[PDB]
Amino acid sequence: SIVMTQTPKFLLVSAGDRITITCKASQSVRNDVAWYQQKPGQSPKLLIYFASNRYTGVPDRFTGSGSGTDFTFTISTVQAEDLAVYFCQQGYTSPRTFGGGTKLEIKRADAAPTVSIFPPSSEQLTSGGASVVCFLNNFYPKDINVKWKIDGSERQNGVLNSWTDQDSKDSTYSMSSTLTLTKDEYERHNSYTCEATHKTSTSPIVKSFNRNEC
Amino acid sequence: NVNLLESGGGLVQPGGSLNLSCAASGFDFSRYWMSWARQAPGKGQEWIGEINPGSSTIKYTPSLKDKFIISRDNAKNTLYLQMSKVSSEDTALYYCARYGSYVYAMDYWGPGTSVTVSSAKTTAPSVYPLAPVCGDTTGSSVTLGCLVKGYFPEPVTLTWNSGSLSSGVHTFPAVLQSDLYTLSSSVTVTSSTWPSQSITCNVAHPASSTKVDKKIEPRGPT
Ligand SMILES: *[C@@H]1O[C@H](CO[C@@H]2O[C@@H](C)[C@@H](O)[C@@H](O)[C@@H]2O)[C@@H](O[C@@H]2O[C@H](CO)[C@@H](O[C@@H]3O[C@H](CO[C@H]4O[C@H](CO)[C@@H](O)[C@H](O)[C@@H]4O[C@@H]4O[C@H](CO)[C@@H](O)[C@H](O)[C@H]4NC(C)=O)[C@@H](O)[C@H](O[C@H]4O[C@H](CO)[C@@H](O)[C@H](O)[C@@H]4O[C@@H]4O[C@H](CO)[C@@H](O[C@@H]5O[C@H](CO)[C@H](O)[C@H](O)[C@H]5O)[C@H](O)[C@H]4NC(C)=O)[C@@H]3O)[C@H](O)[C@H]2NC(C)=O)[C@H](O)[C@H]1NC(C)=O
Ligand SMILES: [Cl-]
């Protein structure tokens with residue numbers, strides 16, 4: 001089977017810049033190469049076919065070129081809406097194998113996270129569990145660290161984190177952190193804190209509550 | 001107006017069998033080559049196989065040529081994928097795709113149907129409303145949330161006010177721990193809005209026929 005080796009695997013570009021992705025085929029595939037774009041939460045769309053032809057309705061900023069084993073795909077001026085995974089495919093012989101993809105991320109101005117903390121819901125406490133939730137929303141760049149403290153002591157066991165894909169509309173990231181205890185352990189302590197460390201501030205962002213006090 | 005819609009996905013035990021369907025409309029199905037592809041969690045797209053209009057040519061990726069069978073019904077405008085002897089590496093979103101006229105390029109892809117290969121048990125979610133305490137606000141807006149815990153398999157669908165509220169929403173990817181998923185979502189509205197305008201998280205988990213509405217109610221000053 002023909003191998004399509006796609007590079008780079010990741011791209012971080014500012015809006016307005018030019019990007020070029022490369023696909024190298026393990027043997028010649030004539031001009032039988034297609035390029036696809038897959039935005040977050042959507043199915044792939046065909047952009048380029050027969051190596052260098054734009055598919056119907058594809059805007060001018062997308063082009064492809066190449067023949068034989070060497071192929072490139074270019075966005076002349078990247079737009080924020082172009083955030084997506086891009087991948088090549090050869091259609092010369094079966095199996096019609098895909099490249100491994102390139103994830104295109106957009107550079108934007110720094111943004112500090114908006115942090116909110118939530119004690120366990122009484123509905124969950126009735127069932128014997130206790131999850132504390134911290135949302136860290138609309139920040140940039142993506143690298144961020146969250147620390148949980150219980151009565152001042154760092155807690156790592158029981159923490160589950162999830163991250164959104166970069167937003168195509170504001171180019172930010174968001175994150176959710178959930179600390180799950182038993183109701184019994186939760187009631188053994190009074191102060192719960194989520195601390196966010198991010199390049200925008202020298203100081204951590206600290207959100208806290210006390211079970212008994214406001 | 002071209003449309004493809006896959007169905008039939010869901011949980012299947014390892015070694016079991018599952019048939020996927022792909023309903024087509026808006027073009028002359030009998031004149032087009034059709035194909036299947038899949039995207040496993042964290043991986044790129046993988047081409048599965050193709051079938052020509054008359055079903056006289058059917059091709060597969062070698063690793064799948066003995067597990068999967070592709071077929072089509074031109075009279076019913078439907079493409080099929082017969083999965084058998086499935087294993088954990090067959091867990092993926094499965095896509096059906098049309099080939100463009102006289103090209104081996106996939107010019108229209110369906111939304112996909114999710115397949116999970118696992119022996120973990122189907123479990124219904126618990127849905128928990130999240131409201132701030134002590135009057136916690138970020139400036140002129142408040143953030144509420146919804147926590148969905150303890151379910152299997154994916155997917156859960158979460159909306160706010162039955163989808164009427166979509167601005168200011170972050171719904172986070174489900175995370176698996178010890179064969180159960182956690183999912184959460186936050187919604188940020190202006191302080192004036194809530195609680196005078198009610199906000200409700202709606203959670204659907206077809207695998208357990210769970211459909212839950214949880215209104216967010218204050219537990220602190222507003
Ligand atoms: C996914 O889709 C596929 C495809 O479906 C189509 O496409 C989809 C997308 C839809 O549109 C759908 O609507 C379409 O139809 C589904 O595949 C179908 O699955 C059904 C089963 O659910 C199969 O139906 C069975 O067919 C058997 C005969 O099949 C052979 O012939 C077919 C026609 O040519 C051929 O298509 C088959 O591939 C198969 O061909 C043979 O294959 C073997 C090995 O692969 C080769 O060695 C042969 O050479 C080859 N021959 C040929 C000519 O090619 C029927 O026998 C079977 O009937 C039995 O089972 C049903 C229950 O399912 C019972 O109700 C019946 O009464 C009957 O029961 C049997 O009764 C006898 C007694 O008379 C018992 O014998 C006794 O047994 C004892 C031991 O237990 C002793 O041995 C005793 O001495 C002995 O007498 C049997 O035990 C008993 N068996 C059972 C199980 O109870 C049935 O009709 C379709 O063939 C199949 N079609 C295709 C194309 O694959 C698939 O199901 C679906 N999956 C899912 C998950 O949705
Ligand atoms: Cl592939």
Side-chain angles (χ1 to χ4, degrees), chain A residues 1-7 9 23-27 29 32-38 43-44 46 49 71 85-102, chain B residues 4-24 29-30 33-51 54-56 58-87 89-97 99 104-106 109-110 112-117:
Chain A
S1 312
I2 299 181
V3 180
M4 301 294 268
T5 296
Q6 185 176 339
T7 55
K9 294 181 185 180
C23 188
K24 281 158 192 163
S26 62
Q27 50 186 95
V29 290
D32 289 309
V33 168
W35 292 88
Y36 303 83
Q37 169 199 68
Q38 186 173 356
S43 299
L46 177 62
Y49 69 136
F71 301 85
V85 178
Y86 295 83
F87 55 95
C88 60
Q89 180 198 34
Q90 64 86 17
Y92 169 68
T93 195
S94 179
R96 327 258 178 213
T97 44
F98 294 113
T102 303
Chain B
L4 298 172
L5 199 162
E6 307 88 339
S7 198
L11 176 58
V12 54
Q13 63 168 355
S17 303
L18 190 68
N19 289 350
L20 308 180
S21 64
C22 165
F29 182 80
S30 71
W33 290 64
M34 296 295 298
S35 60
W36 289 95
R38 66 182 180 178
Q39 182 164 45
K43 297 182 181 174
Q45 290 285 348
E46 180 179 31
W47 183 91
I48 299 173
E50 67 189 16
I51 182 168
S55 303
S56 57
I58 313 174
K59 295 185 177 303
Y60 307 86
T61 289
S63 67
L64 293 175
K65 74 185 180 61
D66 292 316
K67 307 170 61 149
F68 290 4
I69 297 165
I70 295 170
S71 66
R72 64 191 290 159
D73 188 346
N74 290 348
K76 298 313 286 305
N77 295 319
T78 306
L79 173 76
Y80 299 106
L81 185 67
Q82 294 163 238
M83 316 173 55
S84 74
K85 294 169 291 186
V86 298
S87 64
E89 60 253 30
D90 300 314
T91 293
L93 196 59
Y94 284 74
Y95 301 95
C96 67
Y99 282 1
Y104 291 137
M106 293 151 82
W109 299 54
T113 186
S114 169
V115 177
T116 303
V117 181

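Computed from heavy atoms alone, side chains included, the values below leave out hydrogens, waters and symmetry copies. Remember, it's 1-based here, ligands and their atoms both numbered in the order they're listed. Letters go in sequence order (proteins before strands), and every chain restarts at 1.
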task = Kindly confirm or rule out an N or O of B:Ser71 lying under 3.5 angstrom from an N or O of ligand 1.
result =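 N/O-N/O distance below 3.5 Å does not exist for this pair.
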ask   = Would you call B:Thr113 and B:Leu93 a side-chain contact if the rule is heavy atoms closer than 4.5 Å?
value =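 B:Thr113 vs B:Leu93: side chains apart.
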key: Flag side-chain contact, heavy atom, 4.5 Å: B:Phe68 against B:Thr61   =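 Side chain of B:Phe68 against side chain of B:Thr61, heavy atoms only: no contact under 4.5 Å found.
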query = With atoms numbered from 1 as shown, which atoms in ligand 1 lie under 4.0 angstrom from a non-hydrogen atom of B:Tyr80?
reply =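 Reading through ligand 1 atom by atom, the close ones are 9 (C), 11 (O).
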key: Identity and distance of the protein heavy atom lying nearest atom 109 (C) of ligand 1   =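 The closest heavy atom on the protein side is B:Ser17 O, 4.0 Å.
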ask   = Got the closest protein heavy atom to atom 106 (C) of ligand 1, with its distance?
value =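 Residue, atom and distance for the closest contact: B:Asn19 ND2, 2.5 Å.
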Can you find a protein heavy atom under 4.0 Å from [atom]?
atom	answer
atom 1 (C) of ligand 1	yes
atom 96 (O) of ligand 1	no
atom 9 (C) of ligand 1	yes
atom 71 (O) of ligand 1	no

message = Quick check on side chain to side chain contact (heavy atoms under 4.5 Å, CB included): which of B:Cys96, B:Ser21, B:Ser35 does B:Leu79 satisfy it with?
response =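 Of B:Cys96, B:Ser21, B:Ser35, side chain to side chain contact (heavy atoms under 4.5 Å, CB included) with B:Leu79 is met by B:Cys96 alone.
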Which donor-acceptor pairs under 3.5 Å do side chains of residues 85-97 of chain A form with protein atoms, sequence neighbours excluded?
unit_1  : atom_1 : unit_2  : atom_2 : d
A:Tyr86 : OH     : A:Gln37 : NE2    : 3.0
A:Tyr86 : OH     : A:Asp82 : O      : 2.7
A:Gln89 : OE1    : A:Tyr36 : OH     : 2.6
A:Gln89 : NE2    : A:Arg96 : O      : 3.1
A:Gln90 : OE1    : A:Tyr92 : N      : 2.8
A:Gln90 : OE1    : A:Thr93 : N      : 3.2
A:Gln90 : NE2    : A:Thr93 : O      : 3.1
A:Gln90 : NE2    : A:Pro95 : O      : 2.9
A:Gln90 : NE2    : A:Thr97 : OG1    : 3.3
A:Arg96 : NE     : B:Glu50 : OE1    : 2.9
A:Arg96 : NH1    : A:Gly91 : O      : 3.0
A:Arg96 : NH2    : B:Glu50 : OE2    : 2.8
A:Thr97 : OG1    : A:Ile2  : O      : 2.7

Nearest option to atom 4 (C) of ligand 1, as decided by whichever heavy atom of B:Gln82, B:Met83, B:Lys76 sits closest =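 Considering heavy atoms of B:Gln82, B:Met83, B:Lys76, the nearest to atom 4 (C) of ligand 1 sits in B:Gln82.
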query = Judged by atom type as modelled, is there a donor-acceptor pair below 3.5 Å linking the side chain of B:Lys85 to the main-chain atoms of B:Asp66?
reply =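 Yes: the side chain of B:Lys85 pairs with the backbone of B:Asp66.
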request  = Could you tell me whether B:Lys67 and B:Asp90 have a side-chain N and a carboxylate O separated by less than 4.0 Å?
outcome  =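 Judged by the 4.0 Å cut-off on N to carboxylate O distance, B:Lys67 and B:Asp90 do form a salt bridge.
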ask   = Should the pair B:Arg38 and B:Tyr95 be classed as cation-pi, given the thresholds of under 6.0 Å to the six-membered ring centre and 45° from the axis?
value =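 No cation-pi geometry.
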